[PDB]
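Coming up are structure 1 and structure 2: the same protein chain in two forms, each one given alone as C-alpha cells.
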Structure 1
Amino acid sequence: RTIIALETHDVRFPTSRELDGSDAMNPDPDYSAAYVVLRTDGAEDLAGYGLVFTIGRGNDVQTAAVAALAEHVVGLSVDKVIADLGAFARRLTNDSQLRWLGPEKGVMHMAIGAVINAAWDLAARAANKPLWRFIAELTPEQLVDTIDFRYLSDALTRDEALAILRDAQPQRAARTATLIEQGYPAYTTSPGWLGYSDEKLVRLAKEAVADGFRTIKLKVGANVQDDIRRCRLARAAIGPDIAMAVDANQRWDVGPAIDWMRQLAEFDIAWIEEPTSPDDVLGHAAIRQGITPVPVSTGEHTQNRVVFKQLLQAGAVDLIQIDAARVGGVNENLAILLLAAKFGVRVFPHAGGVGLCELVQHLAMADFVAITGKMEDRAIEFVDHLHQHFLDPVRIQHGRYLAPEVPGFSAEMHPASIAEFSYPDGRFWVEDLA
C-alpha cells in the first residue's frame, strides 16, 4: 500500500457571527481548518486525517503550506511510514530548505505538524486503535525513536525519556482501565468569550456548572473595569467552590500584567493564561514572580519543544498548555509531555478551536497512561463549538471527557461539512460573500 495523494482543503466557519471564540487579542475569529488527507491505494478506511487550526484570514496560506508537502509524502510506503514515525517526521523537519521558513515555528512548521499528525492517524487506524491507545501501547523504545532530542540534551536525553516511560510500564494497563471507566477531567471556556454580554456570560457560566464542569475560564485583557465586573459576576454565578481561570491572550507587558492581576486576585483565580507574548520566557517568569501564588500558564502558541524547555528551566510557568496543531505533530508533543513530567509541571491542554478537542484529548490520555499517571490534578479545555462536523466528536459526561473508542486521531471531518464551508467556493461562503 502507498500514499497516493495529499489532499488539502481551506475550511472556514463563521464563528464571528455570534463572536464565539472572541478574546482580547482576537475580537472576531472565524474558526478555520487547513484540512489534510493522506490518501492511500488501500481500503477506504486506510487514510490519514489532520488539520491546522487558524482563525480565518491566512487559512489559504496555511493550506498552501500543507499542500507543498505532497512531493515529500506522495509515493511513500504505508507500512514503512507507520513503522517509523520518527523517520517520517524527520523527512519533513530535517528538510533544511523548509527549516529556513521557520525553523520549527509558524506556518511551515504547523503545516508539517498536520501531515505528521495525519501519519499518526493513519498508523492508529492501521492498528485499529484510538490514537491515545496506539501511543500508550508502543514500547518505550518505539516511543523515543519518534522524538527529536536535538536541543534537549541539557534537559531530556533519550536515556532519561526511556527511564520515565519504563517506570510507567507496570501501571499502563491499570491506568487504561481507569481512564476508560472514569473519563478525563475537563473545563470549559465557552462561557467566557469576551464578546459576550454580561447576561450571556452569567447564563452560560451557570449552565457550565450545571453540566458538571468543575472549572470554567473567562477571557480578560482588554479593559480592567470590564474584567473586574465580569469576574465578580461569574464568581457570584458559579459559587465559591468552582475554579475560575482567566485568559489574557498575550495582551500585556510585564509591569502592566502584574498590576492588572493585582485587581483580579480577589476573585480567586485558578490561573492566568498567556499574560504576555508567547515568546517572552523571561517575561512570564518575571510576571510569575510578581503575582505568585496566582498560577501562570502559557503554551497554546509556544512554537516548539525548545521554547517549552526554557519555560520549564526558567520557572516561567505553574502549568502549561500544549496544543495538538501548533507544533511538529505528535512527535513533538511527546517530547513536550516528557519534559513537563520530568520537571513536575502539570499540563492543561488547549482546545479552543475547531477539531482541537477531538485531537488533543488523545495526547492528554496517552500522557496519563504512559507518562504521568496523573489526571485528577489537571484538565483538558473544552469549547462547545463545531463538533457536529467530525465523524468522531468528543463526548463530555458530567464535566469529563469520555475516552474515544474508534480508530484514529478523531480528525476525520464530514465531507458534507467540507463542501458547505470550504472557502470561498463552499455553499455557505458563495452565498454569504454574495
Structure 2
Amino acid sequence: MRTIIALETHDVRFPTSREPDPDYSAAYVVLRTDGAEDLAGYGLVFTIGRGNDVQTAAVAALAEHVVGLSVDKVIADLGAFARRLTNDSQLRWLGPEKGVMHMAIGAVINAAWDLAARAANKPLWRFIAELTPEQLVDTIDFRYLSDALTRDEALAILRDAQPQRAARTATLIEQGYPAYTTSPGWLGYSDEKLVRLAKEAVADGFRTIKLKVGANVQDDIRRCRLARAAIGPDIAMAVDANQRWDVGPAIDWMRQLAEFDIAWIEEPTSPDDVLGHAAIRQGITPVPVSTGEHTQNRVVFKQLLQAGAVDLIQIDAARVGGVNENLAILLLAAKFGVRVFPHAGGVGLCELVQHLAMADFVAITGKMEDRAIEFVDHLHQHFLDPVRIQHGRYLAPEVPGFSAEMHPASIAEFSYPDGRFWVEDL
C-alpha cells in the first residue's frame, strides 16, 4: 500500500527584477510517495519575492494532514482530501478560504491532482474531462453555493456535455486553445514599442491583446488610439487597471476609452468590491468588465455572477482552493453564461491554468473560440513540460500531470537562500 511519505517545500525565487519590481518566486510543493520512483505530486503557489518564506511556512504546516495518507485513498476521493484541509476549523480561522493559508492548501490540493493524473498516466485536462459527472461533482464543496448551484444542477451540466466529450477532445488535440497576450501593454513602454509589439503579436497569430492603463488618462487615450490603429478593427483589445480606481473615477476614466472598442476592462477596482464592479459595469455600458485573478474563493465568484458585476471572469490556478475550487467556479460561470479567460504568467501559471481551461472546454462548456488563455513568455525553461504556443494558440499537453514539475537543476540554482545563485549573490 503506497503512502505519502513527505510533503517537501521549496522556497524558489527568480531574480526577475534584474531583467513594481516583482521577483517572481514560488513555494514549490512536492508530495513524495514510496511507490514507483516516478510517483510524486507537484504543485506551487506563485509569490513575488517578499513573503515567499511565509507562504512556504504555511505550506509546510500542512504536512501533518498529509504524511502517512494512503495514495489510493487520496486519488480515489480528491474531494474528501481537499475537505480534510479546508475543513480544519483551526486553519480556517487564518482565513477563512482566503489569503496565504488558503493558497497553501490550494497548492497541496493541486499536487494531489497532479499525483492522480500521473497515476492514471494522463495530462490533467484529460484526467479531469474523463471523470464521470458523478466523480467530478463529488470533488466540489457545495457549501455556500446551494442558492446558485446545486449538486443536481451541476450534474445536469456535466451530463449534457457528456456526449460531446469525444468530439471536443479530438478538436482540442488538433486545433489547440486560443491565447491572448499582455506582452505589448506594459505602462513603461514607449508609444513606438507599444505599436511595434502589438504588430508582432498579431503576426504571431494572437487575436486578442491586453494593455495596462490606470496611471494617466491622457496617456491611456493616446495608447489606446495607437494600439487600435496598429492592430486593425478585427483584433480584440482589452485593458487592465490592476485594481487602481475607486468606483466614480473608474466610470469617468473608462468612458473616455470606449471609442477605441475595448474588449473589456480588467480589475477596475478592489478585488473584494463585488457591488463596486457592478456599479462600474453599469456606468460604462457596453464596455465589458472582468475580474478574477485575485478573487479569493468560489463564494465571491458566486456573488459577482449573482450581482451581474462581470461580463467575463479570470480564474487563477493558484489563487483559490486548488482544482476542486476552480471546477466549482467553472461550473458557476457555465451556469450563468459568463465567459472565462484564464489568468497566467507569473511562475508556471500558464503551465497549470491551461489544463483547467482545456478540461472545461471538453467536459463543461464546449466553447473555446469565444475566449482565451493568457500567455506570457517567462520562466518556461524551468519546467519539464513547458507550455507550447502555435500561432497564437496553446497546444494541448500530452505528458501526464499538471505540468508543474520544475527541473531539479532549477531548484538547486534558485532555491533560497541555500541556492547556488543566492549563495553567491549575497
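Under this definition, the rigid core comprises the largest set of C-alpha atoms superposing within 1.5 Å between the forms. Throughout, residue numbering runs from 1 along the sequence of structure 1.
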- Query: Of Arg235, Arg251, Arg175, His301, which is the single residue whose C-alpha shifts by 2 angstroms or more between the two structures after core superposition?
  - Reply: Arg235
- Task: Mind giving me the turn angle of the little rigid part against the big one between the two structures, whole degrees please?
- Result: 10
- Task: Taking the rigid core as fixed, quantify in angstrom how much the C-alpha of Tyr151 shifts between the two structures.
- Result: 0.2
- Superpose on the rigid core and then read off how far the CA of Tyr196 has moved between the two structures, in Å. 3.4
